[PDB]
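[1] Fold the following for me, if possible:
(2 chains, ligands or ions: 2)
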There are 2 protein chains.
Amino acid sequence: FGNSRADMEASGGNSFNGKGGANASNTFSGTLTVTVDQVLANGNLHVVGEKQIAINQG
Amino acid sequence: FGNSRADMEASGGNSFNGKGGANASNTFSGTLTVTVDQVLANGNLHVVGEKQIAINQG
Ligand SMILES: O=C(O)[C@H]1C[C@@H](O)[C@@H](O)[C@@H]([C@H](O)CO)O1
Ligand SMILES: O=C(O)[C@H]1C[C@@H](O)[C@@H](O)[C@@H]([C@H](O)CO)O1
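    Numbers count the residues shown, from 1 in each chain, chains lettered A, B, ... in the order given. Ligands and ions are numbered 1, 2, ... in the order given. Have a look at this structure:
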């Protein structure tokens, strides 16, 4: 060890960060009167309805 | 002792400190409905279940 033959110095680093996300929301707060389309074998009713409103410009 | 023949002075030190540690934790807070795969001899049930959710983009 007379010289710096044994003198040693070293550093090392490794950092990793990963992220991920997702969202999906929906809301509906109306009331619509529909009409029966047909009666199924079990008695369930197929209902279809439509409502058109022309407030102004569309 | 006329000269510094007996005059003496010396110092010495040796300090060592080592440390080590480790941690490992995990948590899981879900609910999943599984289905029986087979019935063992002692009556134990082999249960396997799977649930796939596509929120959006994955
Ligand atoms: O004993 C040896 O082998 C050495 C001592 C150091 O001086 C070393 O650096 C080398 C030098 O390269 C000679 O020129 O020689
Ligand atoms: O009695 C001796 O042997 C000594 C006395 C000191 O003077 C010592 O240092 C030595 C010196 O080297 C002579 O030149 O001689």
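[2] Now do the contacts for the residue nearest the centre of chain A.
    In chain A, the C-alpha nearest the mean C-alpha coordinate belongs to residue A:24, at 3.1 Å (C-alpha atoms, centre = their mean). Listed by C-beta atoms under 8 Å, 6 or more residues apart in numbering or on different chains, the contact set of residue A:24 reads B:55-56. Every C-beta, even on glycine, is put in place using the N, C-alpha and C of the backbone.
[3] Distance of it relative to residue B:4?
    Using C-beta to C-beta, to the nearest Å, residue A:24 is found at 89 Å from residue B:4.
[4] And residue A:41, by the same measure?
    Taking C-beta to C-beta as the measure, residue A:41 falls 120 Å from residue B:4.
[5] quick one, which of the two is more surrounded?
    residue B:4 (8 against 5; other C-beta atoms under 10 Å in any protein chain shown).
[6] Can you give me the distance of the more buried one to chain A?
    Separation of residue B:4 from chain A (C-beta to the nearest C-beta, to the nearest Å) stands at 29 Å.
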